[PDB]
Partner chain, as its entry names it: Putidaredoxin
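Let's start with one chain on its own, the form solved without its partner chain, as C-alpha cells.
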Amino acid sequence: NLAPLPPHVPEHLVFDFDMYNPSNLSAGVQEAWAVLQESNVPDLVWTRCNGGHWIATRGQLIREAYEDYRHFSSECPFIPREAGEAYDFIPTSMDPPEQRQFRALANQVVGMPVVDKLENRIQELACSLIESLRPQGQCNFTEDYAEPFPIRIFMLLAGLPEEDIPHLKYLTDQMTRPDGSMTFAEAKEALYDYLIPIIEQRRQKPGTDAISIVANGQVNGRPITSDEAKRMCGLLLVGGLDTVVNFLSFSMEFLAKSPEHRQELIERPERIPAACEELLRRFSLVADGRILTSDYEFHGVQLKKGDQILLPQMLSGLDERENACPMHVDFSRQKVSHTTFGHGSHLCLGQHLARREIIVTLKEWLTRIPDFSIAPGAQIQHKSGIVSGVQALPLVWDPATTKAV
C-alpha cells in the first residue's frame, strides 16, 4: 500500500521503506534499517509507505534537522500523520521556547537527582530478579527480566499499582509498534482514561511520587493545568514502559552470542560505561520525525510545508561516515558517536535513568551468570516501529557455571 507520489517529489528520490515492516527484518532490526545507508540510496529519500514521508539517512542530516526546530517542528512527530496528529504529549509535541518550561518540570521528576535517590532500589531489584532466575538454567529474558526490571522501577517512581502493568504495557505498545488492533487516538484515549482520575486524586491529595509532582507543578509562574499534567504523564508512561525494556533485549541477545564480549566485561569492569555507550550506538532503537512548518530547501531537496520527515535517531551511529565498521561491536572505540537519546532541544531526560538500569544489569547479570546462550532452535524475531523491539529471548545456561551472591 503505496501512496501516490506528490508532485514535488523527484522520482529518483523514491525509496519505499516501511518503518513498520522493513524488508530484511529477519537479519535483525538495525540491519533492516541500515539498508537506507547503502550506496544506492540518496541521503534524503521519500517513501510512499505509511502515507508518504521523507527520511533523512545520515547522521549529519538527522542532527541538522533536529537542531532546526524553526523548520522541523515537533508538532506532528509520529508517522503516519493521523498518529502524529493525535499526538499531544508534553514536552515532545512542543517547540522552544514553550517546550522549556515543561522540560524543566519533567526533569524534576526523572533527572539525575532522582536516579541518585533510586540507585539502591534499582540495584536491589536487579539482584533479586537475577538470583531468582539463576538456578533455573533458562528464562524468557524479555518476559522474565527486560520487562519487570525497568517497569517495576517506573511503577515505583510513579506510585502506580504493579497490577496495572499488563493493561498499560498493551496500550504503550500500540503506540510505538501498532498492531492494527487499535488506532493511535483510541490507544491514546484509553491511556488518558487511565490517568485522569489519578491526576485528579493527586491534585487533591499530593504524594511524593512523580505523578503528584507533575500534577502540582509550576510552569511559567502559574500552576500546570490538569490536561497539561495528563499530557506529560502520558509521555512518562511510554518512556518508562517502552524504552529500556526493548533495549535490554537487544543487548542481552548480543551478549548471549558473544562470549568474548562477556569476558571482556568480566575481566575489565572499568569498561562497562564505555560498553554501555557502544551498545547504545549499535542497538539504537528509536525512530520519530518532524513536520515542515514551511517550504524549505534542505541539502538541495525541496521540502513542502506539511511534509513529514522521519529522522531516525537509530541511524546516526550506524552511519559509516560517523563510525568506522558500524555493525561491529567494539568496546574500545576512540569515539562512540550516536544520537540514541535524540539531539537538539528534545534530548532524552530519562537518559540518566536508562544508563543506570543498563549498567546495573550488565554488572549484575555477568556477576551471577557469566555464561549463557540462546536456546537451541529458538529463532529471535525483532519488531520495528517508533521503538523497535525483540519478540522473545529464550536463554539457557548451566546452573553449575553460575555464582550465587
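Numbering follows the first chain given and starts at 1.
**Student:** Going by the average Cα B-factor in the PDB entry, point out whether 285 to 293 or 227 to 235 comes out higher.
**Tutor:** Per the PDB record, 227 to 235.
**Student:** Between 186 to 194 and 143 to 151, which has the larger average Cα B-factor in the PDB entry?
**Tutor:** Result: 186 to 194.
**Student:** Between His71, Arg121, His261, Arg222, which one tops the list for C-alpha B-factor in the PDB entry?
**Tutor:** Of the options given, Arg222 has the highest CA B-factor in the PDB entry.
**Student:** Sort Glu278, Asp242, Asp319, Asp116 by C-alpha B-factor from the entry and give me just the highest.
**Tutor:** If I rank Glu278, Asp242, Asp319, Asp116 by C-alpha B-factor, first place goes to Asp116.
**Student:** Where does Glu75 sit by CA temperature factor within its chain: lowest, middle or highest third?
**Tutor:** According to the entry, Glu75 has a C-alpha B-factor in the chain's middle third.
**Student:** Is the Cα B-factor recorded for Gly159 in the lowest, middle or highest third of its chain?
**Tutor:** According to the entry, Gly159 has a C-alpha B-factor in the chain's highest third.
**Student:** Rank-wise, by C-alpha B-factor, drop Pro312 into the lowest, middle or highest third of its chain.
**Tutor:** It falls in the bottom third of the chain.
**Student:** Sorting the chain's modelled residues by C-alpha B-factor, tell me whether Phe331 ends up in the lowest, middle or highest third.
**Tutor:** Tercile = middle for this residue's CA B-factor.
**Student:** Consider only the C-alpha atoms of the modelled residues in this chain, order them by B-factor as the entry records it, and name the third containing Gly350: lowest, middle or highest.
**Tutor:** Its C-alpha B-factor belongs to the lowest third of this chain's values.
This protein has a second form, the form deposited with its partner chain bound, left out of what is shown; the following refers to that one.
**Student:** Would you say all of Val35, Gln37 and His382 touch its partner chain in the deposited complex, counting a heavy atom within 4.5 Å as a touch?
**Tutor:** The answer is no: none of the three residues contacts the partner (heavy atom, 4.5 Å cut-off).
**Student:** Which one of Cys127, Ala104, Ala190, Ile165 is close to its partner chain in the deposited complex, taking close to mean a heavy atom within 4.5 Å?
**Tutor:** Looking at the other structure, the residue within range turns out to be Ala104.
**Student:** Which pick from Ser373, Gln60, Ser337, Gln351 sits with a heavy atom within 4.5 Å of its partner chain in the deposited complex?
**Tutor:** None of the others qualify; the residue that does is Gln351.
**Student:** Which among 341 to 349, 37 to 45, 24 to 32, 361 to 369 is in contact with its partner chain in the deposited complex, heavy atoms within 4.5 angstroms?
**Tutor:** It is 341 to 349 that comes within 4.5 Å of the partner.
**Student:** Can you tell me if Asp116 lies within 4.5 angstroms of its partner chain in the deposited complex, counting non-hydrogen atoms only?
**Tutor:** So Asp116 counts as contacting its partner chain.
**Student:** Taking heavy atoms only, is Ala324 within 4.5 angstroms of its partner chain in the deposited complex?
**Tutor:** No - in the deposited complex, heavy atoms of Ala324 and its partner chain never come within 4.5 Å of each other.
**Student:** Check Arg100 for me: does it contact its partner chain in the deposited complex (non-hydrogen atoms, 4.5 angstroms)?
**Tutor:** Yes - in the deposited complex, heavy atoms of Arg100 and its partner chain come within 4.5 Å of each other.
**Student:** May I ask you to check whether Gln108 falls inside a 4.5 Å heavy atom distance of its partner chain in the deposited complex?
**Tutor:** Because a heavy atom of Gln108 falls inside 4.5 Å of its partner chain in the deposited complex, the answer is yes.
**Student:** For the stretch 41 to 71, return the residues whose heavy atoms include at least one within 4.5 Å of its partner chain in the deposited complex, in the order they occur.
**Tutor:** Contacting residue: only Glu67.
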